[PDB]
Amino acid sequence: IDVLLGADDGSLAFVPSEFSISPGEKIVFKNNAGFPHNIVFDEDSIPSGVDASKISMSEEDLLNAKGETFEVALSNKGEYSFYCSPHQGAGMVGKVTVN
């Protein structure tokens, strides 16, 4: 599944921001508008034995170019909340469910 980082109208959002995938299904987060961006999984809001470092960027890591991506496949089932560090306050957050 492809996820835009920033909407085509320049809104600071993940598009789509809520979605469900199966184990091992790729997520490709792609810089679209209002970059830089990143994608950080909330380490208190993912399946409790999952290592957030295996699946996310750090808060300092950034995707700088339009069309630059971050790809991840999630294995463990359950809810994963994530956000874009610089833009979290503006609402640039999401949640993916692995079912």
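Note that residue numbering follows the sequence shown and begins at 1.
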> For the C-alpha atoms alone, is the average B factor greater in 43 to 51 or in 68 to 76, going by the entry?
Replying inline: 43 to 51
> With respect to the recorded C-alpha B factors, which stretch has the higher mean value, 33 to 41 or 58 to 66?
Replying inline: 58 to 66
> From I21, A90, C84, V15, can you pick the one with the highest C-alpha B factor in the entry?
Replying inline: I21
> Thinking about Cα B factors across the chain, which third does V96 belong to?
Replying inline: lowest
>> Which third, lowest, middle or highest, does the C-alpha temperature factor of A7 belong to within its own chain?
In response: highest
